[PDB]
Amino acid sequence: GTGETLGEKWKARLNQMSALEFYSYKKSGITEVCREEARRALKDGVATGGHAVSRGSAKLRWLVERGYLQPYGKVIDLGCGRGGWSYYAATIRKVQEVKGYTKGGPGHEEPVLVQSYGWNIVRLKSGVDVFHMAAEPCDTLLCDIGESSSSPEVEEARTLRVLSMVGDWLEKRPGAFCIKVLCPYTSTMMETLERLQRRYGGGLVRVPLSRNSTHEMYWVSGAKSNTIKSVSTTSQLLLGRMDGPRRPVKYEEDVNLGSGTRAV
């Protein structure tokens, strides 16, 4: 054992921040979409304005527009929340069907019904515990599950749980996948991830729309890389942003998902 990884040092420093320091650090220098227009239109019940239902659509757009994920066919979206990934996937030409599942209930996101482009091929189901769902074949497997915790043992336990569950779906051989890895940086987790890459491929990618307060990376089929290096690079990035003054957010215009239905 070589002791403490950079990500463990990052997490320990994060937990030593005051609420003020934490607040300024959380968005320092990150990329963000402005959600003002969408938030207003969704509150007014507007379903045809092209608005994304969450910040998640922009996160998936960042991966897809770079070719790190190429969705196609039957898309399964585990932990779909409001549906940002499912509605984004529905606009993609090679996608033909989107099934999203999410827990819902008090304190959790419920699916939002809008009519962005391709809404007629989307089915979102709440009240579903995905850890009790029998895996089934699909072409594209998405999972965005992993709730942040100030305890790294809790984040590790939660990440191992997600990875064990998605393994059963990946055994059905989807050709594309995008899996949130909440806590990728412990030595045990990195050995687990490399074993999973040897069986299923892919690599981990840091999305710049992620907040500095989480070390989340996305395991995606379209960006194979050395996970030791990709995780360490992200840890160094996040540690460096803890020094020096708070830096401006890079604001982007949010996703326009259009409107209308798709043929078959």
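Numbers for residues come from their place in the sequence shown, where the first is 1.
J.: As stated in the PDB record, which stretch has the larger average Cα B-factor, 241-249 or 7-15?
T.: Higher mean C-alpha B-factor in the PDB entry: 241-249.
J.: Please work out which of 202-210 and 38-46 has the higher mean CA B-factor as recorded in the PDB entry.
T.: It is 38-46.
J.: Pick out which of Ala134, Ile92, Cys80, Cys178 has the highest C-alpha B-factor in the PDB entry.
T.: In the PDB entry, the greatest C-alpha B-factor among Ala134, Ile92, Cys80, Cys178 is found at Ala134.
J.: Have a look at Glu147, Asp139, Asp144, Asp168 and flag the one whose Cα has the highest B-factor in the entry.
T.: Most elevated C-alpha B-factor of the set, per the entry: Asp168.
J.: Would you mind ranking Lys172 by its C-alpha B-factor against the rest of the chain and naming the third, lowest, middle or highest?
T.: According to the entry, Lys172 has a C-alpha B-factor in the chain's highest third.
J.: Ranking the modelled residues of this chain by C-alpha B-factor as given in the entry, is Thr159 in the lowest, middle or highest third?
T.: According to the entry, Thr159 has a C-alpha B-factor in the chain's lowest third.
J.: By the recorded C-alpha temperature factor, relative to the other modelled residues in its chain, which third is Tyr117 in?
T.: Lowest third.
J.: Which third of the chain does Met190 land in by C-alpha B-factor: lowest, middle or highest?
T.: For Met190, the deposited C-alpha B-factor lands in the highest third.
J.: Split into thirds by Cα B-factor across the chain's modelled residues, where does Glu153 land: lowest, middle or highest?
T.: Answer is highest: the recorded C-alpha B-factor places it there.
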